[PDB]
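Student: Fold the following and give me the result.
(9 chains, ligands or ions: 18)
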Amino acid sequence: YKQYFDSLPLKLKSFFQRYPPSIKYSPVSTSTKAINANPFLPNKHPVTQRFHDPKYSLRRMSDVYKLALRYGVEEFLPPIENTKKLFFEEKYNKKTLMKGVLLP
Amino acid sequence: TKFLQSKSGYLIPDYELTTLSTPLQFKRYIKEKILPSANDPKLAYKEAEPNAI
Amino acid sequence: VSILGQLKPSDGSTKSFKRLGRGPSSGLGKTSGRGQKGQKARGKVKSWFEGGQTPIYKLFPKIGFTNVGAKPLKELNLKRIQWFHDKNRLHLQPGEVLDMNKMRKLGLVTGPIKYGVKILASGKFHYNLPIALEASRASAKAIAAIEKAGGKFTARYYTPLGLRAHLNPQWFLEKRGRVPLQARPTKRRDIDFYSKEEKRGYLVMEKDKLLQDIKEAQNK
Amino acid sequence: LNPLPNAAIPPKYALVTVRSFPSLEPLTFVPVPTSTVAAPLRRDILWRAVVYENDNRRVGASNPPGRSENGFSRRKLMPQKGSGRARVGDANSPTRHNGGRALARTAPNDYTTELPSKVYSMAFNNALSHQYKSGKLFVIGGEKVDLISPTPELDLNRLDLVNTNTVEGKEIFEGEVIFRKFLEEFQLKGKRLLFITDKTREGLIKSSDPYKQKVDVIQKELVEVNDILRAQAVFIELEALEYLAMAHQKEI
Amino acid sequence: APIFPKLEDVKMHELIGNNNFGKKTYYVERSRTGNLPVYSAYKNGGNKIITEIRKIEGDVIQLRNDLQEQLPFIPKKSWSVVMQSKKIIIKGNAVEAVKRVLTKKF
Amino acid sequence: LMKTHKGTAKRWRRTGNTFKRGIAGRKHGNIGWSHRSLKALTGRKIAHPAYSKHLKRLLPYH
RNA sequence: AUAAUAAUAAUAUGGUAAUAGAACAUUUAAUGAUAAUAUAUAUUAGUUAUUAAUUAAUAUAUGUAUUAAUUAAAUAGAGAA
RNA sequence: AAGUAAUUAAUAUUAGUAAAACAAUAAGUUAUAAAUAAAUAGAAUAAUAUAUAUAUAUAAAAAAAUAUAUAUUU
RNA sequence: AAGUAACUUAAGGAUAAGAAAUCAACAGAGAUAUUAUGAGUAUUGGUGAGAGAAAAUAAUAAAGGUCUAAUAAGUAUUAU
Ligand SMILES: [Mg+2]
Ligand SMILES: [Mg+2]
Ligand SMILES: [Mg+2]
Ligand SMILES: [Mg+2]
Ligand SMILES: [Mg+2]
Ligand SMILES: [Mg+2]
Ligand SMILES: [Mg+2]
Ligand SMILES: [Mg+2]
Ligand SMILES: [Mg+2]
Ligand SMILES: [Mg+2]
Ligand SMILES: [Mg+2]
Ligand SMILES: [Mg+2]
Ligand SMILES: [Mg+2]
Ligand SMILES: [Mg+2]
Ligand SMILES: [Mg+2]
Ligand SMILES: [Mg+2]
Ligand SMILES: [Mg+2]
Ligand SMILES: [Mg+2]
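Tutor: Numbers count the residues shown, from 1 in each chain, chains lettered A, B, ... in the order given. Ligands and ions are numbered 1, 2, ... in the order given. Sharing the structure here:
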């Protein structure tokens, strides 16, 4: 099991190291000071009241998610609900067709 | 063919071996090619001058 | 001796290059083929410089436009398929359709299939194959010939990426562990084409979800 | 009635004798296909291969200074008129004795030509076939294949000398001596030799080094058409020969 | 599958210098895809059509003679056999006829 | 490398082993002339063999 | 049904600009016998329908042709600036 | 002491392979279908053009142009 | 012609660039940088002279991601 984990791609492994799955990170935006602050969401800083940019910028987050999908390790990553990105089959299914497609 | 080579002292080429189907043919070949050169060393084939007479 | 000092080119291969400015009896003597004394003698005028008259790239009006939205399909005639079958190169298991990927594999179509394949009807008489075909589209006559043979055509939509995936699914698997999903037709023209029963478009023939959704939207 | 009376099926396998190295002793025959070892000798193809290889090999270091490269000033030496002498510009002109060259090359001069891969393969086969015909293609092996006659006690099936690196008594070593003895036996002292190995035979190349000017030890991958044809007698490993055949076979 | 077969399976007639392939006999090998090597060629700027026949093993002259016998309708003059590469050129677009003649044996 | 003459490309399009072009003299001053006579100038025209070589040189990738 | 050489009959063979075909000298690279009775260069006189090479004599060098030949190439040929 | 080199395009001759070629990692270029400004069009319904394909035109033909078809695809 | 020659200034062993307010197109990709194809294609021009991408696929390449910022205002945007 440990060997299989080690065999995972580098970026994914790094992510797991620095945001581990024992902590249930929040689905919604949070305080930046919070422990359960989602790195994919923009969390608000409590003093200044300014939204900090996500700790994992959007591309990196997407890459991480794709890696997780590849190796079946999605649920151990923190939730990507309130980040607007969907991926692959879920994206395909859930999306509404454009107004131009349905109503030319 | 190996035996023939060993007794002879000379090497019969691979292509020749492939071609010749009988002991008689082999003998004839030997008589043609090696024998005269063995008899007379000046008559022998030289590499640098292959079109010698 | 080694062959290396007695090798020639094949007769008719090589030539002597015309060597100028190297004596009178050579032929290409002093003037060196230039003629005598002009601009071309010692300098450079352009080959297509017409002298000052309005040139043949100016007299005439500029015509047409380049349709950048165009995506030219590679044409495959029924005749070629028939020939392949006769030669016993058309390797198909029963039930397996002769798709664009399959065609490529076989060598029916060859070179890069960028946008798709159209099936044309240049040997529709001697076509007698009951196998099922699938391409970007087909000629009406070709379709009719296929039907007569006891075959079954389906015009299938493929975006360039989707087409690529179809052609070489293993590459995508190797790279990413997952072949990409096949896109819907976003364009209006594309939707219209595959909604035609006369074209044997996949949206009507397979009774697709997209078409139904569009109909529902129209109703509402 | 009979359409093509003289039609027939050609022969497909030539027998090459598999030998033990130090002393070229027949161990087995091995039927290599006719396309590799007994093609009709087409000179034109061979020529094409050789010239192309030569062109590839070119260094192309010719670098004469043009009138720009040459290092004089740009100043006009004598005024256009009122000098009583011919018209001159700068001192770099090809016309003058210290000036730069007209139409000067500039290194690196790329002399690389191209060849179709199939043509090159055909040439490679052809050279090998020619060598076989000559009686200058010594296939050494017996490790993989099933033998007829057993290998000798002091020979070995691969193309290498034993205990070459060992040198305890005197400065002279054994592998060199063995090589010299071999040369003496087969009457090829001054002749060009070409040892086509499969893997790096370090001891063999050490043994050769004394006769480096005539003996060329090459790998299975880096062997050339030129190398094959220049050779007075090639000494190829069976495995290496197989590999070459595989490489330069016409695909089906 | 194996490049060099074993010594047992190879017959004597399969070897070189057996069955007399050189003397007045020939072979015409098919292409990779499995077709007869007979081609139209449009030389001198599409002006000169000629039919080329490739991949001939053995005696080309004999083969040419046999083809002439088969096709008397083509003249005797128009059969140029280039000896360096061993291929036999015919003047017209006489490809299909040649193929028909060859198919039965090759 | 060599490149296409863009004006020439705009004027001329390929037709097998030739180039086709529009006719000159049908952009203004058409009124007064016979319409039937004018219909000669409406279509396209194949390149004259005189300037075929020039056209080829202008359009190397055609 | 080709190639080389030689016969016979016929026709053709002045040439600037130009086009086409075929050679030779020189230098380098690949292959390469041989040897002071030899090779190279020069001079003189012979020879071969002869920008070339060869024979002999004479001279000077060298223990020796990147030699003959086939290819590949060129800073490849000078009474004209 | 003077027609040279590089990157390209078009012809020709030969050689390799050939309905494919080059390349083999995929990708690409050329060929395999002719058109048309362009579009969702594209080559015998029962044979040589008197048939068919495309562009103009059209209900569909005819008409101009080019192309495609008479054991084996070029 | 050319942001070339030149002059001027400033740095380092290299500099520059670099982990998307990027591309793409409803399918998707995932720093940089150089090369090959894409392609002399799209694009543009007193529509003359001429100029001319990108996506995508390959190589070369290194572990290539990673916080150092309390997440940014006379800024984005607009007019000129
Ligand atoms: Mg003249
Ligand atoms: Mg003059
Ligand atoms: Mg003039
Ligand atoms: Mg004027
Ligand atoms: Mg060359
Ligand atoms: Mg009139
Ligand atoms: Mg004359
Ligand atoms: Mg010179
Ligand atoms: Mg002089
Ligand atoms: Mg003179
Ligand atoms: Mg209309
Ligand atoms: Mg500028
Ligand atoms: Mg500047
Ligand atoms: Mg830096
Ligand atoms: Mg580019
Ligand atoms: Mg930021
Ligand atoms: Mg912000
Ligand atoms: Mg502004």
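Student: drop to CA atoms for contacts and neighbour counts, all remaining ones
Tutor: Fine.
Student: ok, for the residue nearest the centre of chain D, nearest residue in space, not its chain neighbours?
Tutor: By C-alpha atoms, centre = their mean, chain D has its centre lying nearest to residue D:227, at 1.9 Å. In this structure, residue D:227 finds its nearest non-sequential neighbour in residue D:194, 7.2 Å apart by C-alpha to C-alpha, 6 or more residues apart in numbering or on different chains.
Student: who does that neighbour bridge with?
Tutor: Per DSSP bridges, the residues bridged to residue D:194 are residue D:216, residue D:234.
Student: how about it, what does it touch?
Tutor: Residue D:194 is in contact with D:215, D:216, D:217, D:218, D:227, D:228, D:231, D:232, D:233, D:234, D:235, counting by C-alpha atoms under 8 Å, 6 or more residues apart in numbering or on different chains.
Student: switch the cut-off to 7 Å
Tutor: D:215, D:216, D:217, D:231, D:233, D:234, D:235 (C-alpha atoms under 7 Å, 6 or more residues apart in numbering or on different chains).
Student: Need the phi and psi values for the fourth one.
Tutor: Going back to what we said before, that points to residue D:231. Main-chain dihedrals, residue D:231, degrees, to the nearest 10: phi -60, psi 140.
Student: Pull the number of nearby residues for it.
Tutor: 24 (other C-alpha atoms under 10 Å in any protein chain shown).
Student: likewise residue D:183?
Tutor: Around residue D:183 there are 16 residues (other C-alpha under 10 Å).
Student: in which helix or strand would I find it?
Tutor: Using DSSP states H and E, residue D:183 maps to helix D:174-186.
Student: Could you pull up the residues touching whatever residue of the stretch 51-200 of chain D ends up closest to chain F?
Tutor: Nearest residue of the stretch 51-200 of chain D to chain F, counting by C-alpha to the nearest C-alpha: residue D:110, 17.5 Å away. Applying C-alpha under 7 Å, 6+ apart, one finds that residue D:110 lies in contact with residue D:60.
Student: Show me the residue at the heart of the chain, geometrically.
Tutor: This is for chain A. residue A:80 (4.1 Å).
Student: You answered for a different chain; I wanted chain F.
Tutor: What sits nearest the mean C-alpha location of chain F, by C-alpha atoms, centre = their mean, is residue F:21, with 2.1 Å.
Student: Now do the same contact list for that one.
Tutor: Counted by C-alpha under 7 Å, 6+ apart, residue F:21 has contacts F:11, F:12, F:13, F:44, F:45, F:46.
Student: Am I right that it sits in a helix?
Tutor: No - under DSSP: H, G, I helix; E, B strand; the rest coil, residue F:21 sits outside any helix and is assigned strand.
Student: Next, work out how far apart residue B:32 and RNA strand G are.
Tutor: Distance of residue B:32 to RNA strand G, computed by C-alpha to the nearest atom of the strand, to the nearest Å: 23 Å.
Student: Could you list the contact residues of chain C toward chain D?
Tutor: Contacts of chain C with chain D, taken as C-alpha under 7 Å from any C-alpha of the partner chain, map to C:2, C:3, C:4, C:7, C:8, C:9, C:10.
Student: tell me the two of the residues you listed that are most distant?
Tutor: C:2 and C:10 (19.3 Å; C-alpha to C-alpha).
Student: on that earlier part again, which one among the contacts of residue D:194 gets closest to residue E:27?
Tutor: residue D:234 (31.5 Å).
Student: how many other residues sit next to the closest one?
Tutor: 26.
Student: which ones are touching residue 78?
Tutor: Just going to use chain A. So residue A:78 contacts A:25, A:38 (C-alpha under 7 Å, 6+ apart).
Student: Can you look at chain E instead?
Tutor: E:90, E:91.
Student: cool, and the one 10 residues further on?
Tutor: If a contact means C-alpha under 7 Å, 6+ apart, then residue E:88 has E:52, E:53, E:79, E:80, E:81, E:82 as its contacts.
Student: Are any of those residues buried, and if so which?
Tutor: With burial judged by 16 or more other C-alpha atoms under 10 Å in any protein chain shown, the buried subset of the contacts of residue E:88 is E:52, E:53, E:79, E:81.
Student: From residue D:50, how far off is the residue of the stretch 51-200 of chain D closest to chain F?
Tutor: 17 Å (C-alpha to C-alpha, to the nearest Å).
Student: Among the contacts of residue F:21, which are located in helices?
Tutor: Counting by DSSP state H, those place residue F:11 in helices.
Student: among the contacts of residue F:21, who's most crowded?
Tutor: Neighbour counts for those (other C-alpha under 10 Å) peak at residue F:12, which has 26 neighbours.
Student: So that one sits against residue F:6, correct?
Tutor: No - checked against C-alpha atoms under 7 Å, the pair residue F:12 and residue F:6 is beyond contact range at 9.7 Å.
Student: most neighbours, which of the contacts of residue D:194?
Tutor: Result: residue D:234 is most packed of those (other C-alpha under 10 Å), 26 neighbours.
Student: my guess is it contacts residue D:134, does it?
Tutor: No - with contact defined as C-alpha under 7 Å, residue D:234 does not count as touching residue D:134 (10.9 Å).
Student: so what's residue D:44 up against?
Tutor: C:7, C:8, C:9, C:10.
Student: any idea which element the nearest residue to residue C:124 once chain neighbours are set aside lies in?
Tutor: Once flanking residues are discounted, residue C:124 sits nearest to residue C:145: 5.5 Å by C-alpha to C-alpha, 6+ apart. Using DSSP H and E, residue C:145 maps to helix C:140-149.
Student: I'd like to check what contacts that helix. Which residues are they?
Tutor: Residues outside helix C:140-149 that contact it (C-alpha under 7 Å, 6+ apart): C:119, C:120, C:121, C:124, C:127, C:128, C:129, C:130, C:152, C:153.
Student: right, and the helix or strand after it?
Tutor: Assigned by DSSP H and E, the successor of helix C:140-149 is helix C:160-167.
Student: That next one near chain A anywhere?
Tutor: No - using C-alpha under 7 Å from any C-alpha, helix C:160-167 stays clear of chain A, with a minimum separation of 13.7 Å.
Student: Please compute how far that helix lies from its chain's middle.
Tutor: Put simply, helix C:160-167 sits 15 Å off its chain's centre (C-alpha atoms, centre = their mean, to the nearest Å).
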